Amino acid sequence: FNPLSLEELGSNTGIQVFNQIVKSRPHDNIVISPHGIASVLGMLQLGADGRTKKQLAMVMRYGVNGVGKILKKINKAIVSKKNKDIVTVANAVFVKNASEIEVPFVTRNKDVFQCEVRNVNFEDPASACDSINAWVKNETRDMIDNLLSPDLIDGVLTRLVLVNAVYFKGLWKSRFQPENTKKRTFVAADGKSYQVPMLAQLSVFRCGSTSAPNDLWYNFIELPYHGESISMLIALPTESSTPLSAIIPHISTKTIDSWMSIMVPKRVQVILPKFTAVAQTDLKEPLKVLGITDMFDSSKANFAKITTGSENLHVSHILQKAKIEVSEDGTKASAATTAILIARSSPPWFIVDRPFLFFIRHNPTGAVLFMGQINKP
């Protein structure tokens, strides 16, 4: 159906994974790419068969086949240079060297998920790590570069390695002025307060706020990018005595939409921490919970459409690394001109000085490129 309803399914899966990781590590900084996860599951599903494919299909809610076109268009639009803001995305599946990979698998992967699939001698740990870590460094413009160590990918007991990497740092439609970037108090999870640099700007932003199923209230602001297609969403508890963990679990794409229909424009002093978030995620355990356990089983895993022979192929390592930087850089002063003047009278504040979660959203598709929680900038 609608390429929007489809992207909804993918993003949802990624969010559910986010909720899992978050509950296990409440006070840590977690950055994930919900949509990225949907692409990884797709990459996998393309060369999987039997029980394995069955599991992936029932979680994704859609089958790669007959949809690829829809998936390729969305995955193409996201990175499309038409966004003005560039979203670097790397996708690779590495296979044992002593195994002949199939042509249609490689062809389709690069076509739908812009994914590079190729062999690599895991027999030599150090040689493989460098070979892989180097591909990420290149595919991400030196943005990301350290997914595997030497103590991780070891021996021939390692057969299949999946990797998804996402980096982003567009240009604000309303750039912050460095002169206005000073250090302000931030209250961490533990309760301790830290002095942290924060971006500050006076302008019109879309705001709003509602209560969770548990009747706890939170606020949310939209910070659009100069591209006009990708925007950043920020939501945090209204009451300081409210833990972020009390709103997270109640947030799906469905709620993200409400946000869009509820928010109204208002002149505000938006103050948010200036930071650079980078996290690496092991998707194995979370994905098992969803019901995908086969592919992680040396024997039960069924990847026939991946290999020319009947060699046993399973997922040894499935990883994602997401990196995002929030800074002043953005478009400049044209509406900033007199807009600075009409502020005849101090405006309300949107101060993000407590643990908060953020979203990078590709509006046209609905794709949720980033989902994160910042417990300590």
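Quick note: we count residues from 1 along the sequence shown, nothing fancier.
| field | Between 202-210 and 146-154 (mean CA B-factor, as deposited), the higher | value | If you average the C-alpha B-factors of 202-210 and of 146-154, the larger mean comes out for 146-154.
| query | Where do the C-alpha atoms have the higher mean temperature factor in this entry, in 352-360 or in 5-13? | reply | If you average the C-alpha B-factors of 352-360 and of 5-13, the larger mean comes out for 5-13.
| field | Candidate residues 284, 254, 82, 159, the one whose C-alpha B factor the record puts highest | value | Highest C-alpha B-factor among the listed residues goes to 159.
| request: Select one of 29, 33, 327, 338: the residue whose C-alpha shows the highest B-factor in the crystal structure entry. | output: Highest C-alpha B-factor among the listed residues goes to 338.
| message | What third of the chain does residue 301 rank in for C-alpha temperature factor, lowest, middle or highest? | response | It belongs to the middle third of the chain when residues are ordered by C-alpha B-factor.
| query | Within this chain, which third does the Cα B-factor at residue 259 fall in: lowest, middle or highest? | reply | Middle third - that is where residue 259 ends up once the chain's C-alpha B-factors are sorted.
| Thinking about Cα B factors across the chain, which third does residue 240 belong to? | Its C-alpha B-factor belongs to the lowest third of this chain's values.
| Of the three thirds of its chain by CA temperature factor, lowest, middle or highest, which one includes residue 182? | Its C-alpha B-factor belongs to the middle third of this chain's values.
| query | Against its chain's modelled residues, does residue 288's Cα B factor rank lowest, middle or highest third? | reply | Ranked within chain, residue 288 CA B lands in the lowest tercile.
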